[PDB]
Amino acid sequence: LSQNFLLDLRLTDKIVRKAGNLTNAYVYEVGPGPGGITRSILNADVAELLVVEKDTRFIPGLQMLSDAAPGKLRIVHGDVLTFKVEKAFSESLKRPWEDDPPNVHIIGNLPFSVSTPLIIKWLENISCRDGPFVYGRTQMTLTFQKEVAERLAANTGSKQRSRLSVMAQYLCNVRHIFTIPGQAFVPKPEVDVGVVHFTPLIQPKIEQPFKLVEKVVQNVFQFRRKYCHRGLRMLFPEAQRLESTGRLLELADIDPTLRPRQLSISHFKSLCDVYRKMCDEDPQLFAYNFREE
């Protein structure tokens, strides 16, 4: 539940500029409380604004706008996590993948406790081209915490280079655009808020299943300041770990003295592609959870 509100008509209006030209668009907004952005979206001449809101306190104020803008704002009382936007718009709007993005957009100012699990849920959806991505390469404009925004957009060798960097950037073009200060919200939180734009890639930079990249990225990054080989080890049961780790790094041409923050997405394609071949040869390797064995 949200307890810090963005109501500056200057900042909500600037968020919807960064989403692009929406002048006949079908927009799905997830966050809206006081509808600050909601008002900003409707003044952009969208075709429809679909809006989901769990908190009932905000729905009378959203109806306030479904009448000041008749035939423009569809309201839904619901949970953005259970809600299926795959069926919220017509099949006529579905563009192919190797086309341009569709006329469907996601804009969102969720609580960070909702938006952080959800961006990963949506990243898996991009992988499977289902979910919000039945329409094609649906773009999304979301608010994360200043720090989380930088991790999604971080390049190699930087300090915010985390798991979220690779899980996002291999599937999406990611632009951390600007950062609103906490003082602009009401009441003020003890954090700053970043704004990030996602555009799904026609060809992902790793073509492996999402759960496979997940596992490689999770193990590379689990020991954070150390040699990246400290983490890649744990993909392999102890009995084969010495030989399977050396074979992994050598075939992928990875320097084991590299740190997790130093590995390009190219390095992950090589690690993932070779790890994919190891699981094809040993059908019971992929399930090795080192945490107990």
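All residue numbers refer to positions in the sequence shown, first residue = 1.
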Look up the CA B-factors in the entry and say which stretch, 251-259 or 22-30, has the higher mean.
22-30
Stretch with higher mean Cα temperature factor, 127-135 vs 170-178, is 127-135
Hey, out of 267, 57, 241, 225, whose CA B-factor is highest in the deposited coordinates?
57
Which is it among 76, 120, 220, 206: the one with the largest CA B-factor in the entry?
76
Sorting by Cα B-factor within the chain, modelled residues only, which third would residue 216 end up in: lowest, middle or highest?
lowest
Consider only the C-alpha atoms of the modelled residues in this chain, order them by B-factor as the entry records it, and name the third containing residue 199: lowest, middle or highest.
lowest
Could you place residue 112 in the lowest, middle or highest third of its chain by Cα temperature factor, using the values in the record?
middle
Quick check for you: using the entry's CA B-factors within this chain, is residue 185 in the lowest, middle or highest third?
middle
Lowest, middle or highest third: where is residue 159 by C-alpha B factor in its chain?
middle
